[PDB]
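This is what each chain is made of:
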Amino acid sequence: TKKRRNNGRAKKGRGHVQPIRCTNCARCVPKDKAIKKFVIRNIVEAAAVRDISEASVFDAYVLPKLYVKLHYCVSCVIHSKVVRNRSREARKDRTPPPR
Amino acid sequence: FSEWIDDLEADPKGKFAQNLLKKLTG
Amino acid sequence: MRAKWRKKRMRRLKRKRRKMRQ
Amino acid sequence: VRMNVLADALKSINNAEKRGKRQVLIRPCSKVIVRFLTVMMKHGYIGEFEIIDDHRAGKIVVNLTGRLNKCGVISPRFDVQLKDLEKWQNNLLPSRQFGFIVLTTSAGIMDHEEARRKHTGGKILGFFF
Amino acid sequence: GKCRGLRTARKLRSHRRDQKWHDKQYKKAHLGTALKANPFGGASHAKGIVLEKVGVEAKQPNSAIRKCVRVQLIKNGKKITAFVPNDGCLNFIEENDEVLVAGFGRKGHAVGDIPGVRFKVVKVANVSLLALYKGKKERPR
Amino acid sequence: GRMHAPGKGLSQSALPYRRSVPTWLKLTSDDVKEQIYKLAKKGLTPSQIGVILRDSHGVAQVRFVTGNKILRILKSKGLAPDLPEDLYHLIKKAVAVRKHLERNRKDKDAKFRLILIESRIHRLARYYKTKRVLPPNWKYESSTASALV
RNA sequence: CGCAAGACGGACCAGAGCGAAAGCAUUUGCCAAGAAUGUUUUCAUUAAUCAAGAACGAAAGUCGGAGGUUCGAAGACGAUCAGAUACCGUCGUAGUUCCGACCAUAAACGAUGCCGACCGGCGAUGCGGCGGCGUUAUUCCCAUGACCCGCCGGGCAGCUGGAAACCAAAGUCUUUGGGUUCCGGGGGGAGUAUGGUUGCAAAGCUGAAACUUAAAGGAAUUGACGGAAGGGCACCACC
RNA sequence: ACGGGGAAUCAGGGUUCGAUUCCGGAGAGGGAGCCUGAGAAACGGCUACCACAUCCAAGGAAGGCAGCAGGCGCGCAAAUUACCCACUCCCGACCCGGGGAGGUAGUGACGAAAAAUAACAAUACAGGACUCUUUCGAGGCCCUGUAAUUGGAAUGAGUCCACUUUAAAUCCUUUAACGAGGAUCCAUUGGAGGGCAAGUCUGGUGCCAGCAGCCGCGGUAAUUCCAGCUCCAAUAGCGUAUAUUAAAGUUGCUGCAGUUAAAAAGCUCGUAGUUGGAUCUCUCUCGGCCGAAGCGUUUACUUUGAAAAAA
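Residues numbered from 1 in each chain as written, not as in the entry; some residues may be left out. Chains lettered and ligands numbered in written order. Part of a larger assembly, values for the part shown. Heavy atoms only, no water.

The record names cryo-EM as the way this model was obtained, at a resolution of 2.89 Å.

Below, the structure is given as structure tokens:
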């Protein structure tokens, strides 16, 4: 039967969507179907901040950030536990997790 | 009536299933 | 059998049959 | 496109009565539509209605009483002879006590009882009960 | 949807007659291939000469041996397997004696656990199998 | 909806209930007709004539003041085009897309749109041949389409 | 640090737009087209659907001509496993790119023909138009662009009768008739055989029967299982 | 596939069948050509070929049952080489002759109608039946029958009589002589798990034999097989096999379905096809209510009127 009303993708009112490659396996997944994360992390982990800050030439340097756009196929996104299977009623929820 | 009920509920799907259900009220 | 491979085997049989026929 | 405006008028009336509304807007108006509504109103099913006159094709605001179970059109307008009318009312009417079949006949548009009284067959427009 | 027009009678009739050919019984009754493939040639019974006796194994859920006879129909010279119905009735039948054979009751469909047998022996040696079974008559000398 | 497009638009003019000549219009029926003849002599199709009269001189509908439609007036005196305005514009659009197709033979959307325009032209020409606005042997053909515009 | 090739157009990019569908994303110019809105313009039934016919139609594939950057059917090797010549890794030929000619098939899908009415509500969003307090930007006399609040029209959506899953259409159906096209008739045999037709080929379109079978299948319940996820537990589990 | 009249369900609509006695057509083993005649391309007429076939003295001659009966053959499948012109009619020169047209018997389950196989005890019983006074107690006031002890009355199936019947006649009908108490003057066919009415009673068999349209019974306590008993269904009738109709709203015009069960063409143009918006209320003659005469723009229509064989 029809598991999802949008077929698990965001394709409405168009025929073809250019595919992208999963960041793990390089699987061809449509850009709307793929699961996209936008990681904005510190280039230095919170454990290594103190050493590089102490050894910094410039006081108040504010360390830069790593910006990465991660695309996942459904299989890799399930395996990496980014998304989980949800109940029939909780599937419909579109609100991102509160974090 | 009770004997038919006993025979039916002993083996509700065995060989003596359709006949007992029919004999119940028909 | 998977239907795609069933069709593929049928097509291969047809190709062999038409090769045998002149 | 919009063919057989009588079908649209009757469908609009039926849908408005299903929703319990007190008034329904029918557009476009037509001579056949007005005659059908008059036949309906003589039997107390539809109550008074008012023809809004715009200069192209009128509309009709039809008051509604909850007295109409169903109003329907018959397409195509089959030519029904007086000997074959009993079969048509057996097919279309809920019982012989009530319900009407509207025929357009050489004597005008009227129910099947008037068509039998006037000994006129014609073409079936629709039915209501 | 279906066309509802005062002048659609040709379209309606042509569509109905074309769609009737997608019906199993209509096609088997009117196409003609079923009648040719019928061993009886469209008859209800047929007389044949018993080619041999044979035992067929019943379909898996129930186990037995059905005592059928391979006969050859006189009219068209076809080979048929006909089920001798009752018990000990195969003893009433010998080799190369004419038997009247009818259908099995399912119009060419095999009946019961018997695989691929759609005929039953009705009469053997011009005397009914029922009469032999009930002892009313004997096999002619 | 549209006969060759999936859209279904409600946009179109809405004539008021009153059919009378408006109060603001002092321009008499014969003066309106004279302006119509001057505009048509300048070489304007009935649609453009009506647009100009409604915009600048000010007329609700020419049919309300003069009693006849603009194309009918032009025919009555006689300055109307040999072939109807809408058919002529459809033929011109077909000619334009055909001329574009010569140096853009890889344009397969222009080919589809030309087919649509030619289907519209054929439908309109059939209608006009029905009503004697066109001769019964009037054909639309690419080799002579530019001869009519 | 440069230089040369091809390929591709990230982030912006969205249940957003356009297109008949296939499909379409770097700037600019040219060419032709298009919907929607506005319209007190024009014609005045010119219309809806469609046998036949026709245009287009992903990828792959075929035939010629350019170029081989990457990836890569086939193939050659390299790897625990009982066995890859499978999944993994390294190479790698056709192909992947463009220009002509074919091919006309996809889970070509919304598995939902098109046109026309009627049928609840809501909040958004795209385009056009209308109305309006206020804040922003081009000299201090305005429109206008960006916001803000509504309205109307069209559009992809979202939310809140059916066997049921579900659907504001899959509703207005035993209270059964708006118009029209294609199309199905238990499961296999079988989209097979054969005939016709198209094609360079692959193959496409149209398409049975003998025979066989009492089920196949749809939706949902309960359990059991899952080399599925989450949370707990046991020295008949481990550490 | 000879056509039609017509035959099989009735919800309405329909779906099939019509070789078959009535009306047409066609043919006489297959073709063809003819004579005579008002009428034939006739075949119970001819001619000659093709295929079969009959006598022969081997020179020749004669053929046509898809007429009536009968044979052979084919097949699942179909009657006795009966009597008669008495009826119906036909033919003829005819009141008179002839008619396998036709009639009347023969042949059994084509089928349809009607309709036997029984109607009435003292008796003990399982009962009950209007206020039963008692579980130990009036029960032909009302009814069913376990019956090795019963009784009268009725009658036709049958065999015979009278020859009514009919063209001798068997036939129903009629009258009469015999003709019933295991009224032996003996009712069968198919079933008993469900569908679907009626036993988990007994004995045998032990996944065997077999039953079972379907689902399913049978692998030593079978409600299903084989038998006994008992019972129910129809009944002089029941079973079976194919065809067919309703069931089948599983062909859907009435009246189906096409998201996921089978299914919407990949998409859009397109001619035929189907469908299509509002809108129209001294013309005419004999006597100061009449036949004629109608282009009202032809229609589809409705509703009358003749004409639509008979069965």
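Chemist: Just checking my understanding: could you explain the overall build of chain F for this structure?
Modeler: Assigned secondary structure in chain F consists of seven helices and zero strands. Relative to its length of 149 residues, chain F is extended, with a C-alpha radius of gyration of 19 Å against a globular reference of 15 Å. With the C-alpha coordinates aligned to their principal axes, the bounding extent of chain F is approximately 55 × 35 × 30 Å. Looking at chain F as a whole, 28% of its 149 residues qualify as buried. Intrachain contacts of chain F at a sequence separation of at least 6 include 63% that bridge at least 24 residues. Of the roughly 10,600 Å² of accessible surface on chain F, 52% is carried by carbon and sulfur atoms. Of the charged side chains in chain F, 32 are positive and 12 negative; the average position of the first set lies 6 Å away from that of the second. (Helix = DSSP H or I, 4+ residues; strand = E, 2+ residues; numbered from the N terminus. Rg over C-alpha atoms; globule rule 2.2 N^0.38 Å. Buried < 20%, exposed > 50% of the residue type's maximum accessible area, 1.4 Å probe, protein only. Contact = heavy atoms within 4.5 Å. Areas by Shrake-Rupley, 256 points an atom, 1.4 Å probe, with all protein chains shown as cover. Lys, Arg positive; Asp, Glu negative; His and termini not counted. Charge placed at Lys NZ, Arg CZ, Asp CG, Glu CD.)

Chemist: Please clarify how the pattern of salt bridges should be interpreted in this entry.
Modeler: Between side chains of opposite charge, a pair can form as their charged atoms come close. Within this structure, the stated rule accounts for 10 salt bridges over all chains. Of the charged contacts, one joins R9 of chain A and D32 of chain A as a salt bridge, the two residues approaching to 3.1 Å between their closest N and O atoms. Taken as a pair, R9 of chain A in the segment before strand 1 (19-21) and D32 of chain A in the loop between strand 2 (28-30) and strand 3 (35-42) lie far apart in primary sequence, 23 residues in all. A relative accessible area of 14% means that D32 of chain A is categorised as buried. With a closest N to O distance of 2.9 Å, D84 of chain D and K87 of chain D form a salt bridge. Given a relative accessible area of 24%, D84 of chain D falls into the partly exposed group. (Salt bridge = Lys/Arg side-chain N within 4 Å of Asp/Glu carboxyl O.)

Chemist: Honestly, the protein's contact with RNA strand G in this entry has me stumped. Any pointers?
Modeler: Around RNA strand G, the structure places 112 residues, and the nearest of them are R5 of chain A, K70 of chain D, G1 of chain E together with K69 and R123 of chain F. Within the backbone of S47 of chain F, a nitrogen or oxygen atom sits 2.7 Å from a sugar or linking oxygen of RNA strand G. In the environment of RNA strand G, a phosphate oxygen lies 3.3 Å from a nitrogen or oxygen atom belonging to the side chain of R72 of chain F. When residues in the surface near RNA strand G are grouped by element, the largest group, 10 residues, is from helix 6 (residues 108-130) of chain F. (Near = heavy atom within 4 Å. Polar contact = N/O pair within 3.5 Å; in protein donor to acceptor, adjacent residues only side chain to side chain.)

Chemist: Can you walk me through the domain arrangement of chain F in this structure?
Modeler: Accessible area lost when the parts come together is the quantity often used to give the size of an interface. Residue and element names in this part refer to chain F. Under the domain assignment used here, chain F contains domain 1 (26-80) and domain 2 (81-149). A straight line from the C-alpha centre of domain 1 to that of domain 2 covers 27 Å. Taken together, both faces of the contact between domain 1 and domain 2 bury some 350 Å²; the carbon and sulfur share is 62%. Sorting the residues of domain 1 by area buried against domain 2 places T45, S47 and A80 first, and these three jointly supply 79% of that buried surface. Taken together, the connections running from domain 1 to domain 2 amount to zero salt bridges. Linking domain 1 with domain 2 are one residue pair in polar contact, by the criterion used here. Here the residues of the side of domain 1 that touches domain 2 are counted per class, giving three nonpolar, two polar and no charged. (Domains from an automatic or database assignment. Buried area = accessible area lost by both parts, 1.4 Å probe. Nonpolar A, V, L, I, M, F, W, Y, C, P; charged D, E, K, R; others polar.)

Chemist: How should I be thinking about a negative patch on the surface in this particular structure?
Modeler: On the surface, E3, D6, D7 and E9 of chain B cluster together into a negatively charged patch. By the secondary structure assignment, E9 of chain B is in helix 1 (residues 2-10). (Patch = residues over 30% accessible without salt bridge, like charges linked within 9 Å, V, L, I, M, F, W, Y side chains within 5 Å.)

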